Amino acid sequence: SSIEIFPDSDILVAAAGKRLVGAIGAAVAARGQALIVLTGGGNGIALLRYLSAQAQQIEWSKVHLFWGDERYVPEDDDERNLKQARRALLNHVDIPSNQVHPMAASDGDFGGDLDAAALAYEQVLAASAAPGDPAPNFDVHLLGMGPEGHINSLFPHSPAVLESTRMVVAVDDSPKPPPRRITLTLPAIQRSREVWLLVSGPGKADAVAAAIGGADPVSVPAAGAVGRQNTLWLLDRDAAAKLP
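Heads up: the sequence shown is residues 3 to 246, going by the entry's author numbering.
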């Protein structure tokens, strides 16, 4: 468990970027694949653009991509985490499409049955896992965090953050638009070897401090965002200002 502080989000993003490049290379060398969980949010998307500039250092044929959450809106909508990832990275690197695993869109197979869409993604994770595991042991789960400490689409005092069995659940009721999302749960996040939170800005500072101070994840979800081998808070100065 570590905190690394940078002057701003640009430097933060580039630092995460080079670290992920090494993390991917390491995972390929040891295991012949790198299992990476992507996030939406400005820092998450900027990190993807960084990877795009380094594409030559990354053996894309061996990279496998999942999402921590997704907005349940139409496929071509700008609020889609997948679409933003496509523009930032996917449309311009040679990753095999059968190794890219997106969550469903609202105009896909499942309509109003959001639970079915989450369960479908869960089946995908189970299939992607090593034998006998509910999901991959993700090399890196990337995260942003909202001003209230939410990660993926796991909000304070929500049914989604209380989930202790399912890898993926429906979020019907997000207090931040769009209202419907599909999300990985804390147990899913906690399978990751490493979890990295990329958090910048004075609006996130109080939540950061409470999360690092050991708050109940039902109150500050980011507190449950803990990797099996490490947990890396990558912060700008403003996001760090309330730490002791």
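Every residue, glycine too, gets a C-beta built ideally from N, C-alpha and C.
Considering only C-alpha positions, which residue in the set the options is nearest to residue i?
{"i": "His152", "options": "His143, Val210, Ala29 and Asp238", "result": "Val210"}
{"i": "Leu67", "options": "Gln35, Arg82 and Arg89", "result": "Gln35"}
{"i": "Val173", "options": "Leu188, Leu164, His159 and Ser155", "result": "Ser155"}
{"i": "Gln58", "options": "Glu165, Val23 and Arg168", "result": "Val23"}
{"i": "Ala25", "options": "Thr41, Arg51, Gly46 and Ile60", "result": "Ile60"}
{"i": "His143", "options": "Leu49, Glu77, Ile7 and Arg239", "result": "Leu49"}
{"i": "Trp69", "options": "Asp10, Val197 and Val39", "result": "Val39"}
What does the Cβ neighbour count give for residue i, buried or exposed, with the cut at 16 atoms within 10 Å?
{"i": "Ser4", "result": "exposed"}
{"i": "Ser63", "result": "exposed"}
{"i": "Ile13", "result": "exposed"}
{"i": "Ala129", "result": "exposed"}
State the Cα-Cα distance for the pair residue i and residue j, rounded to the nearest angstrom.
{"i": "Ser194", "j": "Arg230", "result": "6 Å"}
{"i": "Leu234", "j": "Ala224", "result": "12 Å"}
{"i": "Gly148", "j": "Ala29", "result": "29 Å"}
{"i": "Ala207", "j": "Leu145", "result": "16 Å"}
{"i": "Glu72", "j": "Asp109", "result": "13 Å"}
{"i": "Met105", "j": "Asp117", "result": "12 Å"}
{"i": "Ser99", "j": "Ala107", "result": "17 Å"}
{"i": "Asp79", "j": "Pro181", "result": "14 Å"}
{"i": "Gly203", "j": "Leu92", "result": "27 Å"}
{"i": "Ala122", "j": "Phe157", "result": "22 Å"}
{"i": "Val201", "j": "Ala17", "result": "13 Å"}
Hey, residue i and residue j are a contact pair by Cβ (cut 8 Å); roughly how many whole angstroms apart?
{"i": "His103", "j": "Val126", "result": "6 Å"}
{"i": "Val228", "j": "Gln192", "result": "6 Å"}
Tell me, please, which residues DSSP counts as bridged to residue i.
{"i": "residue 2", "result": "Because residue 2 is not part of the residues shown, which for the chain are 3 to 246, the question remains open."}
{"i": "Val95", "result": "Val95 is not bridged to any residue."}
{"i": "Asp238", "result": "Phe8"}
{"i": "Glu196", "result": "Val142 and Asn232"}
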